[PDB]
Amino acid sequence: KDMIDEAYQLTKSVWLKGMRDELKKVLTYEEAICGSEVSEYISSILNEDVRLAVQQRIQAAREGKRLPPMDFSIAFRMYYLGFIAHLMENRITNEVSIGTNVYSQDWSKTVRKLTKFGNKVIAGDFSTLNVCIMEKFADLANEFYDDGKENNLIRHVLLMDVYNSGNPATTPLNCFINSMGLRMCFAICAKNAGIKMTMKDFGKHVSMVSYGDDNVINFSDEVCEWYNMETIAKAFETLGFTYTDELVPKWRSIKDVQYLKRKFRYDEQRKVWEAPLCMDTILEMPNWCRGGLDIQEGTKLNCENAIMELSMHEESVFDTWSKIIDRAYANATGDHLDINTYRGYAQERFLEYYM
């Protein structure tokens, strides 16, 4: 139907909150590669044979033609990174989790946003192409920049190669499909159960957040018997997407759900919301070889980070596994880790993010 149009308008209101004029510029080739001092979120990732290829790509886009990988990434960043930097500066309340600092108050902010309409909460990821939602991503970028007919054509041409290209290309795009596809699901879930609500009632019953293809969705009890994992998964295949649950209940609680390979843990003693990383991920950070074979430059640092990551689980888990990781590294290398205590890591996070 013409619901893509109302999805797009609702989303725009949300995603455009907090606009800064200093960010509505296409970046120079140098800014695209080494960042700019306008944002903490525009940062730095032959020297003149590829600039000549970016040039060929930009001009060919200006006349409507697209070409066929590093030059694509720099171009895309030039025309889109200010927008992405805007989403990151207004993160979480704008439904976009790109830029979340899980060691900081962002995590409790994410929790405050996913408990806004009660206790029911779901999570999962989508998989496929739907060029009608993708199209509108170019549109919303263009609406953000307001910089002329030519730039708009370039954003539309670049977006057509994003999936075949990189990380900053598909990740905010899939965030957009999330915010869009789940307002659409809300509307098609109300027609199949004959509820006299419209997409403008989404923002009164649903709070959501996304990181690329992965989301967490909070919804009120009022809407929960017709808008939940079961119905939303079905609605989402009407749009061309499989929508699996990470790990089928109709809802859960914020403490049961996994997001960015982490969980929402409230620490009763230290009264704080923390982001324990899955042990299966933590435990692939060290090199366990007892002969210290492929010890790379970052092996020591990888071990230290794994142990820092243990400090956001309960203390029992940090006490068990930090000793295991510490002894393994010692026997393998004959060297030692510089690690902190449990409350030492907690204090590190307080001094840097709560103060």
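One rule holds for the numbers: they count along the sequence shown, beginning at 1.
Going from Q258 to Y259, you skip over nothing: the modelled chain follows the deposited sequence without a break. Unmodelled residues of the deposited sequence between neighbouring positions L247 and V248 number 4 to 9. Stretches 337-345 and 17-25 differ in mean CA B factor, with 17-25 having the higher one. The mean Cα B-factor in the deposited entry runs higher for 296-304 than for the other of 325-333 and 296-304. Looking only at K263, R77, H205, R91, the residue with the top Cα B factor in the deposited structure is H205. Comparing C-alpha B-factors across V317, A53, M312, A60 in the deposited entry, the largest value falls on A53. Ranked against the other modelled residues of its chain, the C-alpha B-factor of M199 as given in the entry falls in the highest third. Among the modelled residues of its chain, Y145 has a C-alpha B-factor that falls in the middle third, as given in the PDB entry. For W107, the recorded CA temperature factor ranks within the lowest third of the chain's modelled residues. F72: CA B factor lies in the middle third for its chain, per the PDB record. Ranked by Cα temperature factor within the chain, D280 sits in the lowest third according to the deposited record.
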